[PDB]
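Only one structure is covered here, and it is reproduced in the block below.
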Amino acid sequence: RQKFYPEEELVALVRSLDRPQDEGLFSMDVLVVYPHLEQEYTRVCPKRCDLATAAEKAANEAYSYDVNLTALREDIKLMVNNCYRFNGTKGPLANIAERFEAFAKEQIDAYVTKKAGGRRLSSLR
């Protein structure tokens with residue numbers, strides 16, 4: 001159980017996933033914008049995440065011990081799947097969710113690869 005990642009970098013990584021083009025789909029606090037959705041939303045989606053929650057988990061060291069950031073990738077998957085289950089698999093929002101999932105995978109892959117590249121350069125230990 002090594003600490004692979006500084007919280008400061010993982011917060012920056014999560015914040016980088018909030019794209020203006022995605023019109024707040026993953027960064028909005030759903031049950032703050034739409035308080036009336038509490039029952040229906042928690043019925044269809046009994047496990048929830050958003051980028052604000054992911055960014056707080058990053059800051060709290062939730063993700064820093066997973067070499068492939070599995071826990072963060074699972075939280076992105078959950079946000080995306082909740083969008084599909086609640087708003088459906090068809091239309092402009094579902095198109096954003098699928099582009100967002102692909103973008104998040106690329107950013108996360110690029111980060112894990114960069115860090116591994118440097119870590120493996122150590123001429124100690």
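Chain identifiers are assigned as A, B, and so on, following the order in which chains appear in the structure tokens; residues are numbered from 1 within each chain, and ligands are numbered from 1 in order of appearance.
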Item to complete: Would you list the contacts of residue 20 in chain A as a PyMOL selection string, taking every protein, DNA or RNA residue within 12 Å and counting only C-alpha atoms, but skipping same-chain residues closer than 6 positions in sequence?
Response: chain A and resi 26-28+96+100
Could you turn the residues from that selection into a file that holds N, CA and C atoms, as a PDB file, in the first residue's frame?
```pdb
ATOM      1  N   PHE A  26     -21.953  16.984 -14.989  1.00  0.00           N
ATOM      2  CA  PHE A  26     -21.262  16.180 -13.953  1.00  0.00           C
ATOM      3  C   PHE A  26     -20.761  17.067 -12.815  1.00  0.00           C
ATOM      4  N   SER A  27     -20.900  18.388 -12.896  1.00  0.00           N
ATOM      5  CA  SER A  27     -20.302  19.260 -11.853  1.00  0.00           C
ATOM      6  C   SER A  27     -21.414  19.863 -10.998  1.00  0.00           C
ATOM      7  N   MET A  28     -22.642  19.916 -11.527  1.00  0.00           N
ATOM      8  CA  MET A  28     -23.818  20.432 -10.783  1.00  0.00           C
ATOM      9  C   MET A  28     -24.111  19.483  -9.619  1.00  0.00           C
ATOM     10  N   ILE A  96     -23.247  13.835 -24.477  1.00  0.00           N
ATOM     11  CA  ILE A  96     -22.236  14.477 -23.598  1.00  0.00           C
ATOM     12  C   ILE A  96     -21.657  13.411 -22.674  1.00  0.00           C
ATOM     13  N   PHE A 100     -17.774  12.576 -22.442  1.00  0.00           N
ATOM     14  CA  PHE A 100     -17.174  12.885 -21.122  1.00  0.00           C
ATOM     15  C   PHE A 100     -16.445  11.641 -20.601  1.00  0.00           C
TER      16      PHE A 100
END
```
Worksheet entry | Spatial neighbours of residue 76 in chain A, 8 Å, only C-alpha atoms, chain gap at least 2 places, as a list in words |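 Listed by chain and then number, they are residues 49, 50, 72, 73, 74, 78, 79, 80, 101 and 104 of chain A.
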I need the chosen residues saved as a compact mmCIF listing (two decimals), in the first residue's frame, with C-alpha atoms.
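Once written, part-v7.txt looks like this:
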```txt
# COMPACT_ATOMS: atom_id res chain seq x y z
CA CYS A 49 -21.28 10.83 -7.33
CA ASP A 50 -20.42 14.13 -9.08
CA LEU A 72 -11.71 7.43 -9.26
CA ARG A 73 -12.45 5.52 -12.54
CA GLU A 74 -15.39 3.75 -10.68
CA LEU A 78 -21.08 5.82 -11.65
CA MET A 79 -21.68 9.55 -12.60
CA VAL A 80 -21.96 8.52 -16.30
CA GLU A 101 -16.47 9.21 -20.18
CA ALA A 104 -12.01 11.24 -18.49
```
Discussion item. Calculated over only C-alpha atoms, which of the candidates A:13, A:83, A:55, A:25 has the smallest distance to residue 105 in chain A?
Written reply: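 Result for the nearest residue to residue 105 in chain A: A:13.
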Fill in: Pick from A:119, A:103, A:29, A:88 nearest to residue 52 in chain A, counting only C-alpha atoms
A:29
Practice prompt. Check the smallest atom-to-atom distance from each of A:99, A:85, A:115, A:1 to residue 46 in chain A using only C-alpha atoms, then report the winner.
Written response: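 For residue 46 in chain A, the nearest of the given residues is A:85.
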Worksheet item: Which one of A:51, A:70, A:22, A:16 sits closest to residue 95 in chain A if you count only C-alpha atoms?
Response: A:22
Worksheet item: Which one of A:66, A:40, A:9, A:75 sits closest to residue 53 in chain A if you count only C-alpha atoms?
Response: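 Result for the nearest residue to residue 53 in chain A: A:75.
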